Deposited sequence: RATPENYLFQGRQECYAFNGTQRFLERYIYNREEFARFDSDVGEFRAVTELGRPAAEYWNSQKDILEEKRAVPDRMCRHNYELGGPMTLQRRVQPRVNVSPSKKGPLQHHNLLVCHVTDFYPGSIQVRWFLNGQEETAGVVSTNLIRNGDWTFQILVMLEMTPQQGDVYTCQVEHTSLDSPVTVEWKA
């Protein structure tokens, strides 16, 4: 294994009920040693490696004052600015039904992760024999989900897959047979 050392940091903004919480992490090879917490107000060493770094930072008052203004200077600024493009981003999903004996309801390309997919047979909601995958991030700011349904095929039966999403005012349904 070659010689390699890594240093990483995080600047995290937590928005909830109109508030902003800023955490600044200082990490060396997956070991977080120093952290500033807005609810704390000053730096504190997370491990013994970061005690000299946190003690020196707490003496510099301008550093402590600058970080306390971040939840309002940066976190609130970006959260309000990215509202239309990120917060209220709505991408409608695409629903497909295929038999691959199971029936696969393949919901693709939607951004708001919160989604629910139900299986119906002749108007009856099916619960037993339903296998759904986890949320699948595509990296394209889009998601996927596949809901399988074990079926006993009968002639004349109508299997319908409905999808309810925040990007939809009315649920989308696709039927098989």
Unmodelled ranges, which are counted on the deposited sequence from position 1 and given in order: 1-2, 103-110, 188
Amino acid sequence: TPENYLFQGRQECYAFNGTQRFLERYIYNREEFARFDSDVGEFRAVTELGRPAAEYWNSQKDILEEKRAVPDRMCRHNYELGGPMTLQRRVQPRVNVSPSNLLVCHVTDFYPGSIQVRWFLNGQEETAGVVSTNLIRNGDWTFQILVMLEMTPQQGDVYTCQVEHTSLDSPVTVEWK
From here on, numbers count along this sequence of modelled residues.
Between 152-160 and 11-19, the record assigns the higher mean Cα B factor to 152-160
Comparing 56-64 with 142-150, the higher average Cα temperature factor in the PDB entry belongs to 56-64
Going by the deposited entry, which of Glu126, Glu32, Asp37, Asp109 has the highest CA temperature factor? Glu126
Chain thirds of CA B-factor: placement of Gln92: middle
Within this chain, which third does the Cα B-factor at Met85 fall in: lowest, middle or highest? highest
Could you tell me which third, lowest, middle or highest, the C-alpha B-factor of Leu121 occupies within its chain? highest
